[PDB]
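Structural description and commentary
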Amino acid sequence: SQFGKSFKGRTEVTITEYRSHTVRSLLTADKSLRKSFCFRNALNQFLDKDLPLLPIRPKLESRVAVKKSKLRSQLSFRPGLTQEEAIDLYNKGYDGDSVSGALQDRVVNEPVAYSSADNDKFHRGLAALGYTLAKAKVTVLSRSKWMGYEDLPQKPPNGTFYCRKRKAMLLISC
Amino acid sequence: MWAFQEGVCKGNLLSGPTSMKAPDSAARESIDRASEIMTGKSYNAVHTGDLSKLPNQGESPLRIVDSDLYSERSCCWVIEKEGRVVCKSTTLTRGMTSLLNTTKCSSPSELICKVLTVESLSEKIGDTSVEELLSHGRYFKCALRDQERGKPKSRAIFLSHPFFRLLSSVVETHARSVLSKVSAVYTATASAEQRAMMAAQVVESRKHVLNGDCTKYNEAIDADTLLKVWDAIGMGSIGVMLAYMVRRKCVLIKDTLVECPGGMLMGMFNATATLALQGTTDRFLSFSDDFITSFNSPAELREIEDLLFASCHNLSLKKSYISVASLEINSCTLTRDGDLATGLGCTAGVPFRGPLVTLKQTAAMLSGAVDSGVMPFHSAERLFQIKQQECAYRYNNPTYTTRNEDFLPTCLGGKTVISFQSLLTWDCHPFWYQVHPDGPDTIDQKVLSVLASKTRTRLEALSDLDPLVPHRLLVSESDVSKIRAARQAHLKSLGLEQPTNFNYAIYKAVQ
Amino acid sequence: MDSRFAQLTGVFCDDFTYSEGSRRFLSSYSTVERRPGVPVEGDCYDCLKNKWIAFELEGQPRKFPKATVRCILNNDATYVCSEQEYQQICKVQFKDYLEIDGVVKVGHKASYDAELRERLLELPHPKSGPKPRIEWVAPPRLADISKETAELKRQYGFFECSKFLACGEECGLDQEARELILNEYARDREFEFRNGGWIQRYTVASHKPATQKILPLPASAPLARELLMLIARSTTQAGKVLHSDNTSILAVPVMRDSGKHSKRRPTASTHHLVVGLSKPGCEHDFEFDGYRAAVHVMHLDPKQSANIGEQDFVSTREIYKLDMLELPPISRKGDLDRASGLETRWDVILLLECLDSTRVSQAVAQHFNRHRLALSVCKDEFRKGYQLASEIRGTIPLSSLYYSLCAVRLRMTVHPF
RNA sequence: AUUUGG
RNA sequence: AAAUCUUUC
Ligand SMILES: [Zn+2]
């Protein structure tokens, strides 16, 4: 019962505290990777099992003429995943930590000295070349049928029910 | 070679200095300088400016972020064996957990509320009291700080008690909020380049610029100044307790405790120290000990010096200079108009730290350089090819790879040298996606993380959690076991091993 | 059961239904909806799950049975609950932010505030201090840099040979001869031999710094990359000769000679002595079976060796060359010489910057960058920014500083700015 | 930390 | 012995 020794005197701790416990070496990174052929084994595993499952994504094709200009701060607003998507990704077996990290809206300020006629937003590194980036609050609780819950009617007043059309638990507010 | 650059170059192409020297000498020198400033013979530590134009956020709810209360960085934990104080170095996570165990509290918020709610300093909050917490929080340990370019003599940082860390984190969060309210330059998400552009806009109306730095910054920001700023922004008893602990601080050097009543110890209240000068006057753009201001006549320069002296921001005569054609702040140099000064500037080299990590970091560095006008794209292409060749020379032995198929980097037994443009525009074999700066973590990074996490009797893992569960949720041993069992059962139901990695870029691209 | 949560719990469950129309959550603060004849165990009762829900502020637990479900309202407009459904319900319903009494404000004043304030008052306070007098003058001229270089040169002098800096050039011996020379040099110094590896044993240390002098520059450094790779390999493979394409070194652990029960295996913090071969013709010459070579040593820390081993010489040279001016030829002592000087010596300087773990050249470069952008500087103080001899100690860092200053002087002489 | 980098 | 309170299993 390490929980009784790590957090002696407390029967409950926050998830942040618990993870901090779960989650420096003078050896260089090269020697660490060489040790026990850990990097070689990881490369073999990646090439044999992990690599074939990687989804091939399309390449960038959009381009516009650009000219050197005064330094400016390009703002890229990368939106965060919505509840429906986050839940679908976690239920599909994706790493929950990565999904939670991506759940938050992100804003990136990058210095670029390059402008287009239409003032477009450029991809990372590809600014010189000109590769452009271009009621009831029905809530999806989960993608499963929780046991002993009401079936979704035609007019769900304010409760939480289960939808057959979409295999999920839907919460209707006001 | 840095001396013969046509443009501006700071010589950052090599890594920072390293040293195994003990921090005792540096800590002793810092304490001696603090004492000398305290006796008021070398520099000024008495704040005289008026901090009236600072909003009083006394009614703001007390906000605590738990992310910074736990970390692998060192910290000082104090024990009282038989009436004597023993200071031990331990990870900040372990120190905070021990603090919470000593005063039974579910989370730091409960500890803060209990500390602020007692009606006496001697009342018990578990196996301790507010008086004991204050007594223990004034003990610091000395550690060395190296790998800082331009600092051949490594500096001394100081590790504090978890209670001091908690109060400091609260006060610093609030001070940063006030700073952001003051001016738009202190927005949390602001790059050094954005700050430099803002400064160039601000100081465009005058002739001369005063690129300046403050000397003995930590040793000159007294506890009185911190308390004055905190009272100005309405910190209540938290600020008083923090100032009391700072005034009575002791540092354990070797095996002796040395009193350091003068000045703060290391950069901890950077927001408060900045806010001192910022609320004194709206004439500087300062980030701790780095400020920029402009003047038109010698009288304005004398007024600027008077303001700096009154704000306890002693000017550094060694590295403060006046310029008319250039501006510099946060190590970023611009022209008066706002353009980035031609030259390498702050570009830093990528040391060899893995067959694929090196390529990814080099790609990120070259992308940053090319997005600005640091170098043209063809130069970046040539540099990337050269780096790939060097990585091939360094990492192409059987101890790293046993493959010979194509589509692999030449450093992993393959015979392909991906062009920088092809890599950047996702025009490569999927194996190269990791090498992209925005791509998934490389194999080497995962291997290093696993090695660190596998180096005992540990608790059950609590990774791969549902995105909807907050990290502030209280969980017991049974709760953790149930969560792990449910997640493993669901993953098995999918006929799946450890969960598949998720990458935002790939997911958005294929959506 | 606190009255401050009556409004909070009232809005928590507006019209939620559980069976067909009946309210799912019954408020414990309302007589009409409260269940009569049963004890109250929470702010609300959930009929669907047959549970009790209680609301508590951040870090302010309430006196309720453990079975009661607690929903924590954090101070940053976020809510936490073990039951995901209740958390979602509170998040959706509490969109209208209504402040609840008892929230701990940052300005909260404790009962001991006055006592701590008096204690702070009784404690020592600082004195005013003197107001500095600042005179702004022009930046240092070529004469000042020349004066600094001459002062360094006359204070420390020069070595007869380049020592380990000469290891960047071929020693003129094949692999077998190099290995033989290294092994026989190790044997001649009475190094301990154990498990086929060499160890240097020490008993007493004269606690004073070693002799410091400026190393003259070899002609070139063709094997800089090879030398750095060898040093990187030696961080762990110590005690046996390590071979490269055109050079070899021997990193022997330096271990205390406690006695019969002495350290046998190197630990994390054990230092290394790196021995390298160069062309003969200096004091450190060694001969064996007709093979002659200059054997030069370097005592390196673990962190020093690690830092030196990770540097990328070729990429750094190319990046510097991207936007560089015409480098002039220089002599053995870093002096402008267009008659017999060599431009390859600059490469050597770069190698020195890689071998110096204190990276004093970085500080010199930062100060020179300040110098080139400066219209006026503080009198008699900015000039005292190139005087870094006190901040470093050793032959390698001293030579690095001296040649950084020489490079600054050469830039001022050849390409005035 | 040598097992295992030309 | 050396980049010397470091080379401290
Ligand atoms: Zn010699």
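Residues numbered from 1 in each chain as written, not as in the entry; some residues may be left out. Chains lettered and ligands numbered in written order. Heavy atoms only, no water.

What the deposited record gives as its method is cryo-EM, and the resolution it gives is 2.86 Å.

In terms of helices and strands, chain B carries 17 helices and 15 strands. Along the first, second and third principal axes, the C-alpha atoms of chain B reach 70 × 70 × 45 Å. Taking all 511 residues of chain B together, the buried fraction comes to 61%. Carbon and sulfur atoms form 50% of the exposed surface of chain B, whose accessible area is close to 19,300 Å². When the 56 basic and 55 acidic side-chain charges of chain B are each reduced to a single mean position, those positions are 4 Å apart. (Helix = DSSP H or I, 4+ residues; strand = E, 2+ residues; numbered from the N terminus. Buried < 20%, exposed > 50% of the residue type's maximum accessible area, 1.4 Å probe, protein only. Areas by Shrake-Rupley, 256 points an atom, 1.4 Å probe, with all protein chains shown as cover. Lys, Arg positive; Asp, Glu negative; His and termini not counted. Charge placed at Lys NZ, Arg CZ, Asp CG, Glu CD.)

Moving on to the nonpolar core. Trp-2 and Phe-431 of chain B together with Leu-355 and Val-364 of chain C are the most contacted members of the largest nonpolar core, which has 116 residues in total. At eleven residues, the largest contribution of residues to this core is made by helix 11 (residues 395-414) of chain C. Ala-113 of chain A together with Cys-142, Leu-210 and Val-251 of chain B belong to the second-largest nonpolar core, a separate cluster that totals 109 residues. (Core = buried A, V, L, I, M, F, W, Y, C linked by side-chain atoms within 4.5 Å.)

So, about the domain arrangement of chain A. All names here are of chain A. When the domains of chain A are assigned, the result is domain 1 (24-57), domain 2 (59-134) and domain 3 (135-174). Summing both sides of the interface, domain 2 and domain 3 together bury roughly 440 Å²; the carbon and sulfur share of this comes to 54%. In terms of surface lost to domain 3, no three residues of domain 2 exceed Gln-83, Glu-84 and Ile-87, which account for 76% of the buried area on that side. At the boundary of domain 2 with domain 3, the tally comes to two salt bridges. With its nearest N and O atoms 2.7 Å apart, the salt bridge here joins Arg-143 to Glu-84. Our count for the contact surface shared by domain 2 and domain 3 stands at two residue pairs in polar contact. The residue makeup of the side of domain 2 that touches domain 3, split by class, is one nonpolar, two polar and two charged. (Domains from an automatic or database assignment. Buried area = accessible area lost by both parts, 1.4 Å probe. Salt bridge = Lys/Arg side-chain N within 4 Å of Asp/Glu carboxyl O. Polar contact = N/O pair within 3.5 Å; in protein donor to acceptor, adjacent residues only side chain to side chain. Nonpolar A, V, L, I, M, F, W, Y, C, P; charged D, E, K, R; others polar.)

All names here are of chain B. The interhelical angle for the contact between helix 3 (residues 108-117) and helix 5 (residues 162-182), taken along N-to-C directions, is 90 degrees, at an axis separation of 12 Å. Here helix 5 runs roughly perpendicular to helix 3, going by the angle between their axes. Note on element contacts: helix 5 touches helix 3 through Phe-163, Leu-166 and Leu-167, opposite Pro-108, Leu-111, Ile-112 and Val-115. Of the residues belonging to the contact of helix 3 with helix 5, the class tally is seven nonpolar, no polar and no charged. (Axes fitted to C-alpha atoms, helices over the stretch in contact; angles between N-to-C directions. Parallel < 35°, antiparallel > 145°, perpendicular 65-115°, else oblique. Contact = heavy atoms within 4.5 Å.)

What follows deals with the pattern of salt bridges. All names here are of chain C. Enumeration over the complete set of coordinates arrives at 50 salt bridges over all chains. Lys-384 is the salt-bridge partner of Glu-381, the closest N and O atoms lying 3.4 Å from each other. On the basis of relative accessibility, which here comes to 24%, the residue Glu-381 falls in the partly exposed class. Note on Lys-384: relative accessible area 39%, which makes it partly exposed.

What follows is about the coordination of the zinc ion. Residues and elements named next belong to chain C. Note on the zinc ion: its protein donors are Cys-161 (SG), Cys-282 (SG), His-284 (ND1) and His-296 (NE2). The metal-donor distances range over 2.0 to 2.3 Å. If you look at the zinc ion, its four donor atoms make angles of 103 to 117 degrees with each other, and the shape they trace is tetrahedral. Within one chain, the residues donating to the zinc ion are spaced in sequence as C-x120-C-x1-H-x11-H. (Donors = N, O, S within 2.8 Å, 3.2 Å for Na, K, Ca; no water. Tetrahedral: all angles 85-135°; square planar, octahedral: opposite > 155°, others 65-115°.)

Let us look at the state of the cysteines. Using the criterion set out here, one finds zero disulfides over all chains in the structure. The thiol of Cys-75 of chain B is unpaired, and the distance to the nearest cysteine sulfur, on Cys-76 of chain B, comes to 6.7 Å. Take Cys-75 of chain B: its relative accessible area is 2%, and that puts it in the buried class. Among the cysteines around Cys-81 of chain C, which has no disulfide bond, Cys-71 of chain C carries the closest sulfur, lying 4.6 Å off. (Disulfide = S-S within 2.5 Å.)

The next point concerns the interface of chain C and chain A. Taken together, the contacts link 25 residues of chain C with 21 residues of chain A. When chain C packs against chain A, close to 1,700 Å² is buried across both sides, 57% of that on carbon and sulfur atoms. At the surface where chain C touches chain A, the tally comes to one salt bridge. Measuring nitrogen to oxygen at the nearest pair gives 3.8 Å for the salt bridge that ties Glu-12 of chain A to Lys-66 of chain C. At the surface where chain C touches chain A, the tally comes to five residue pairs in polar contact.

Before going further, it helps to spend a moment on the packing of aromatic side chains. Residue and element names in this part refer to chain C. Under the definition given, this model contains 34 aromatic pairs over all chains. Aromatic pair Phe-16 and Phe-25: ring centres 5.9 Å apart, planes at 65 degrees, arrangement edge-to-face. A residue is classified by how much of its surface remains accessible, and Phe-25, at 1% relative accessible area, is buried. With centroids separated by 6.0 Å and ring planes inclined at 65 degrees, the aromatic side chains of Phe-55 and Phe-94 adopt a geometry described as edge-to-face. A residue pair is termed long-range when its members are at least 10 positions apart, and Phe-55 in strand 3 (residues 51-57) and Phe-94 in the loop between helix 2 (84-93) and helix 3 (113-122) qualify at 39 residues. A relative accessible area of 4% means that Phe-94 is categorised as buried. What links up through ring pairs into an aromatic cluster is the set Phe-12, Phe-16, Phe-25, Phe-55, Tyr-79, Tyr-86 and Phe-94. (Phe/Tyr/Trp six-rings, centres within 6.5 Å; stacked < 30°, edge-to-face > 60°.)

On to the interface of chain C and chain B. Put simply, an interface is often sized by how much accessible area is lost when its parts join up. Each partner contributes residues to the interface: chain C has 109 residues there, and chain B has 107 residues. Both sides together, the interface formed by chain C and chain B hides about 9,700 Å², and carbon and sulfur atoms give 61% of it. Three residues stand out in chain C for area buried against chain B, namely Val-106, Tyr-112 and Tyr-320 of chain C, and they jointly supply 9% of the buried area on that side. The partner of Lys-131 of chain C in a salt bridge is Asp-306 of chain B, and the shortest N-O contact between them spans 3.6 Å. Our count for the contact surface shared by chain C and chain B stands at 49 residue pairs in polar contact. Where strand 12 (residues 321-322) of chain B and strand 14 (residues 376-378) of chain C come together, two bridges link them in antiparallel fashion. (Pairing = 2+ DSSP bridges.)

All names here are of chain B. In this structure's numbering, the residues bearing the UniProt feature "binding site: Mg(2+) 4" (unreviewed entry) are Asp-213 and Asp-290. What stands out for the annotated residues spanning 78 residues is how close their C-alpha atoms remain, the widest pair being 4.8 Å apart. Assignment of secondary structure puts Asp-213 in strand 6 (residues 212-213). Once you skip the residues sitting within four places of it in the chain, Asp-213 turns out to touch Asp-289, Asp-290, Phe-291, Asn-314, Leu-315, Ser-316, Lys-319 and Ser-320. Position of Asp-290 among the secondary structure elements: in strand 10 (residues 290-292). (UniProt positions renumbered as here; feature names shortened; annotations may be inferred.)

All names here are of chain B. Under the UniProt annotation, "binding site: Mg(2+) 1" (unreviewed entry) lies at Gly-212, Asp-213 and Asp-290. What stands out for the annotated residues spanning 79 residues is how close their C-alpha atoms remain, the widest pair being 6.3 Å apart. By the secondary structure assignment, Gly-212 is in strand 6. Note on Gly-212: relative accessible area 2%, which makes it buried. Excluding residues within four positions of it along the chain, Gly-212 makes contact with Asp-289, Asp-290, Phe-291 and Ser-320.

Glancing now at the pairing of strand 8 (residues 197-202) of chain C. Residues and elements named next belong to chain C. Alignment of strand 7 (residues 192-194) against strand 8, held across three bridges, turns out to be antiparallel. Pairing of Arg-194 across the sheet is with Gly-197, part of strand 8. Connecting the antiparallel pair strand 7 and strand 8 is a turn made up of two residues, with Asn-195 showing a positive phi of about 55 degrees. When strand 8 meets strand 10 (residues 248-256), the two strands line up parallel, connected through three bridges. Looking across to strand 10, one finds that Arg-201 is bridged to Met-255.

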